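Encoded as structure tokens, the following chain is the form deposited in one PDB entry, with no partner shown.
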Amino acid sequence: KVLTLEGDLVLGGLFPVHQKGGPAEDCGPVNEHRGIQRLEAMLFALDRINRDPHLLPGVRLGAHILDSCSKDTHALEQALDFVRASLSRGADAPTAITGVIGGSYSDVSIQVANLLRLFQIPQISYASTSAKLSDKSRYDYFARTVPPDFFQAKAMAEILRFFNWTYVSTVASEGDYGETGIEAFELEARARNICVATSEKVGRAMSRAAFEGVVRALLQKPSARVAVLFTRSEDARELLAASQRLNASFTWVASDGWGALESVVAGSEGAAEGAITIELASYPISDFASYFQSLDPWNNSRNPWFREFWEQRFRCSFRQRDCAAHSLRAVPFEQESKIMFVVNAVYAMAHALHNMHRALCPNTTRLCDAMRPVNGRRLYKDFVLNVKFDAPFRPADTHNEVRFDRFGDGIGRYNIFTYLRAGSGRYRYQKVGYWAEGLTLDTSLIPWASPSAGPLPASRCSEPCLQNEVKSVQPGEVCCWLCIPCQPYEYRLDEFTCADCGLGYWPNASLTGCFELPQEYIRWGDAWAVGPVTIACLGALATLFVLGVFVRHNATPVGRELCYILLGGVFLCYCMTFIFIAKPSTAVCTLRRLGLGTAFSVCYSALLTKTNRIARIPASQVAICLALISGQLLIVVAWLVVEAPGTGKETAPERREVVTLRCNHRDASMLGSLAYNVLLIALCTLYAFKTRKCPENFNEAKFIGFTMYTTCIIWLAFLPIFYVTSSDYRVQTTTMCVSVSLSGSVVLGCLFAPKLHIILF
């Protein structure tokens, strides 16, 4: 059947008046909510356009509406009449189609657009939301009023980011809706920097056991308490039933498949408490309701399918009466949600035609000779796509602009619904905001978004950390990272790498390189070493006594330079200890190093001269001491030329010290001087094995022997002590200073013990 009206400007149209044939037939029952209501909406829009002065005033608008029967092949056969009656014939009277407003199902729209692209016939759909009609390579002359299927995916991605949800689950379905939209949702989720679990899909013929298994699979991850539903009505209903059976707590962010529908929450109200759904935004037309209610078959002869619709709706046969006064009122009539889109499409086509007419014929408001061969390409590209007008049957003081983007799609406009309970034993859908270009959620009506008990925390898989580097992301899932704490030995040098530097274990939390604090780790020059330095001061007092010895030298009938040399050596070792303790530096370490060796050599030379003089029985003693001093000077010069500067040393990796040593160390050259002193002491003892007994200056000889024995014992005790303390430079200098001060004090005491008795006697 065909539906032809007027003919001045014929408008095409395809509607699913009949449902798809069940028992292998062409067409079956009449689609009341999708084939009759939309058909009457288009007819009402055409009538309003005709009885309208500011749109197509002097030109009348016709119609050539057809039935597609929800079949792509049947739709192709019917749409063949659109091209065969306009331009196919030549270069049932044929009618010239100017535009086609039809196509509810995606496949029907695809086939009709494929047919009409070749013949340059523009088409404007009203219910085709398929995402594969957006590309103009395959569908050049296709436009639509409803938004595509990825706009709701973008809306849910923005919703997930708004609520700070990162690790979420995902449920999809088999077919175009469920697979095409899921890829777009994943793409925007990657663009939204959020995580997708990408769980299993639904084949629309899926058993209850398989649904339960998928529910358990979603329950495997406990941190992702959020699931995204790109499922149809039946799949969503089955999933809710399975969740209710298994008693699983979830919040579901759904799409237009769920919407604000109560048929999917029947018997599963407990499982859905914080369900978030998106419904395509639409408003009811009161004028269309008034037009449709006052419709009866007695005068409605324009619609060939009205009799069948009346027979299916009311039990009337028209052969036997069986019916009377069965007026269609508001009690059993409900306006279909996509009727404003049909009116918008018809009015957009009318406005495009009017604009083209005004541009081509600015003189008269009637068809010109240039309007008979209308060009579909120019009309679509310059006029159909460039439309900006207020939505009819809606006050102009509202952001309702029927416009097409660069791909000819509609303007995104959705409503967000939360399946909540107001407090009683009833459940209902409540709008909590809209999405035109950005979210407009209000945190006042959502039950789980209340400040109490938190806003349903469903954040990322892991948590940020400061002391633990983020370098243990799970292989294959970079969304669940492990806060591995790096060892304190390794500091922070990069963004996520804990690496040691050597000059400190943890300077600060700057996380940019390593900082070496300028300090000394062997800075013992304080009251802690107060005891040793004072002992050195005692040696200085002995030096003062040396001056008294000089006075004693003026009136002593009993050689005299040996005592002066011993006093000078004592002063030298005291000065070396003072230099070591007070301030260690590059120029303050070599001086004491040479001084201690010089003092040791002077003492050894004095002992050797004394024992040689004893065994023999001033020029010879002076020559011997000068030769010993020259040898010591050569030794210290060799030490200096071997390594003069001191650059310090680093500590062991087990700890973090400032400076292990003030100058160069770990050298066995001082062991050579120690061995030379030991050999000198051994030679002195070998000589004194028989030379110790000496009547001439017996007290002096005994004191010299005692001093030599004490020095040998002190050196033999200190050498292992020095070796042990070499591992700890903090106290090694103090131990060496104490040892040398004790040796000097012992030598001075041994020298002065018989002198006092001799003076007193």
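A residue's number is simply how far along the shown sequence it sits, counting from 1. In this text, rigid core is short for the largest set of C-alphas that superpose within 1.5 Å between two forms.
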Of the other entries that cover residues on both sides, do at least a third skip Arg366? no
Please establish whether a third or more of the other compared PDB entries omit coordinates for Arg89. yes
Count class of coordinate-free deposited residues lying between the neighbours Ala205 and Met206: none
Missing residues of the deposited chain between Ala91 and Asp92 number 10 or more
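Keep in mind that the form deposited in another entry is missing from the display, and what follows is about it.
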Fix the rigid core, compare C-alpha positions between this form and the one not shown, and report which of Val214, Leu295, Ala248, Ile522 shifts by 2 Å or more. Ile522
Relative to the superposed rigid core, does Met736 relocate between this form and the one not shown - that is, does its Cα move 2 Å or more? yes
Rigid core fitted, then: does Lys388 show a CA shift of 2 angstroms or greater between this form and the one not shown? no
Under a superposition restricted to the rigid core, does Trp258 display a Cα displacement of 2 angstroms or more between this form and the one not shown? no
